[PDB]
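J.: Using the deposited numbering, the first residue of the sequence shown is number 12, and each one after it goes up by one.
Sharing a structure here in structure tokens format.
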Amino acid sequence: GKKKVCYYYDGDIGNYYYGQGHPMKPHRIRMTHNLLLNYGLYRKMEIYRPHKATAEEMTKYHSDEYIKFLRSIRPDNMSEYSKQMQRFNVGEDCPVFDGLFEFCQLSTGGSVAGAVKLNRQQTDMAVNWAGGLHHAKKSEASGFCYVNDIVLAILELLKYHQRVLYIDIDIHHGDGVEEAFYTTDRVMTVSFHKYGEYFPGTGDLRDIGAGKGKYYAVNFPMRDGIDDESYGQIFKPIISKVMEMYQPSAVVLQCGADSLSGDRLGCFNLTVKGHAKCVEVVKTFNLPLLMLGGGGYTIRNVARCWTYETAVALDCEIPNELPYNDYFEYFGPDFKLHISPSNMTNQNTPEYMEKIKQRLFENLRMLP
Ligand SMILES: Nc1ccc(-c2ccc(F)cc2)cc1NC(=O)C1CCOCC1
Ligand SMILES: [Ca+2]
Ligand SMILES: [Ca+2]
Ligand SMILES: [Zn+2]
């Protein structure tokens, strides 16, 4: 039936700024919050402000030297850390900006707090739209991500759960999460993503894990222009088979919105309904669920997507007519919740989708 939802948000998150022209806009989290508040969705869930995650919490995965660097590096002292900036991949796609470390603490805090809430059996779902920073590595920033909140949240769930399932519908490969758990059977990582001449360059379907982790990494590589029909016809079959074979006791769903139609940096053609069908599918299994954000660069559509997916988590029908809100002008010219797909060609043929599905099914038969 209906499920208890705990939602994590800090109103300072929208004030952090990557710099002029950088496509990551933390403002999109504020837009999301304000839109879902104006739909009345606060009436049906508990809203929590995350703690600022400490260096102790972050070093459960990241190296002491990398976290020390993130704690120290500032725009005023950049010339002094020229070597370490290169070493840790900071200063270009992952810039130094004012309050960088506090920004990492906020995004991380929501995910780990959500994990603790799930472990204590005090909620069925935990939501942190500021999280899902799937590219960050043990000792390296990558793809706008500095601290891997997901890896830290999964490590928290592993205190109480033998098997945790990670599902990733961001357009990019969940490489940092996959790498962290590549040699263990205690986390199954499942990523659907664009593959071929695209960041981060990993997530071939032949990447299946290593050692004890062999067959516990799953990668569904896709081409440009996947639509709701094509996505929906593989997602439920793959996740159902994963649930059958792996039998996890907790789930982490990264809901990166850069897989939507019209994303500034993406080339997929999903609507909000198609994207949200993934949340509906995962939710039917009735397992403890941590829902996280991710990418998304057309910020009006990010706010629509995560507002609707919060409504899906609550089993709340909300009208397509957008309510008035602080960012109402961003949703023109239509001022509707749902989006239309573009006329871009779907390079993922029905035969391709079924063929990749059948090859992943072969690999899932190797589980005990
Ligand atoms: N895939 C992804 C997922 C999450 C975040 C992220 C979310 C919240 C944050 F606070 C920080 C980062 C960033 C990305 N990066 C990119 O989409 C790509 C876009 C193309 O350039 C490379 C990175
Ligand atoms: Ca993905
Ligand atoms: Ca694994
Ligand atoms: Zn992405």
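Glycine included, C-beta positions come from ideal geometry on N, C-alpha and C.
Do you know whose CA, among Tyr157, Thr134, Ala141 and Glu340, lies nearest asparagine 297's CA?
T.: Minimum Cα distance to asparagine 297 is reached at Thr134.
J.: Return the first residue and the last residue of the alpha helix (DSSP H) that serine 118 is part of.
T.: Looking at the DSSP string, the run of the alpha helix (DSSP H) that includes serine 118 is 111-130.
J.: Compute the minimum distance between the beta carbon of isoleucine 180 and the heavy atoms of ligand 2, and state whether it is under 7 Å.
T.: Correct: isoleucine 180 has its Cβ closer than 7 Å to ligand 2.
J.: Sorted by chain position, which residues of the same chain lie with C-beta nearer than 7 Å to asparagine 45's C-beta, five sequence neighbours on each side aside?
T.: Hits under 7 Å: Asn336, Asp337 and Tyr338.
J.: Using a threshold of 8 Å, state whether the C-beta atoms of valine 292 and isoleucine 250 are closer than that.
T.: Cβ distance < 8 Å, so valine 292 and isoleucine 250 count as in contact.
J.: Grab me the residues of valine 283's own chain with a C-beta within less than 6 Å of its C-beta, minus the 5 sequence neighbours each way, in chain order.
T.: Closer than 6 Å at Cβ, skipping near neighbours: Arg315, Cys316, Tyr319, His349 and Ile350.
J.: For ligand 4, is there a heavy atom less than 7 Å away from the beta-carbon of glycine 30?
T.: Not so, every heavy atom of ligand 4 lies at least 7 Å from the Cβ.
J.: Is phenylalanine 203 near ligand 2 - that is, is its Cβ less than 7 Å away from at least one heavy atom of it?
T.: Flag set: Cβ of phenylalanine 203 near ligand 2.
J.: What does the alpha-carbon distance come out to for the pair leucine 303 and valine 162?
T.: Cα-Cα distance, rounded: 12 Å.
J.: Apart from the five residues just before and just after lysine 347, which ones in its own chain have a Cβ nearer than 8 Å to its Cβ?
T.: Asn331, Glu332 and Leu333, listed in sequence order.
J.: Compute the distance between the beta-carbons of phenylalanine 112 and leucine 81, then report whether it is under 8 Å.
T.: Taking 8 Å as the Cβ cut-off, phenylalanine 112 and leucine 81 qualify as a contacting pair.
J.: Within a Cβ cutoff of 6 Å, which residues of the same chain sit near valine 290, ignoring the five residues on either side of it in sequence?
T.: The residues are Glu320 and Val323.
J.: With DSSP as the reference, label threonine 70 as helix, strand or coil.
T.: Three-state result, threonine 70: coil.
J.: Is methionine 233 helix, strand or coil by DSSP?
T.: Strand at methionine 233.
J.: From the DSSP output, read off the bridge partner residues of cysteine 17.
T.: According to DSSP, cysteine 17 bridges with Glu57 and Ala137.
J.: Less than 8 Å between the beta carbons of residue 4 and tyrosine 18, yes or no?
T.: Since the first residue shown for the chain is 12 and the last is 379, residue 4 is missing from the structure and cannot be characterised.
J.: Examine ligand 3 and report whether any of its heavy atoms sits within less than 7 Å of the Cβ of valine 263.
T.: No, ligand 3 has no heavy atom inside 7 Å of this Cβ.
J.: Short of 6 Å in beta carbon distance, which residues of its chain neighbour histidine 172, apart from the five on each side in sequence? Order them along the chain.
T.: Closer than 6 Å at the Cβ level, and outside the excluded window around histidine 172, lie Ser260 and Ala261.
J.: If I measure Cβ to Cβ from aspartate 215 and keep anything under 8 Å in the same chain, skipping five residues before and after, which residues do I get?
T.: Within the same chain, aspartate 215 has close Cβ partners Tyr206, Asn230 and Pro232.
J.: Can you tell which of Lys149, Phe203, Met254 and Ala64 has its C-alpha closest to the C-alpha of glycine 142?
T.: Measuring from the Cα of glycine 142, the nearest candidate turns out to be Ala64.
J.: Looking at the unbroken beta strand (DSSP E) that takes in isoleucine 178, where does it start and where does it end?
T.: Where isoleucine 178 is concerned, the enclosing beta strand (DSSP E) stretches over 175-179.
J.: Measuring CA to CA, which of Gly273, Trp140 and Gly277 is closest to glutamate 208?
T.: Nearest of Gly273, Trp140 and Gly277 to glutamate 208, Cα basis: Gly277.
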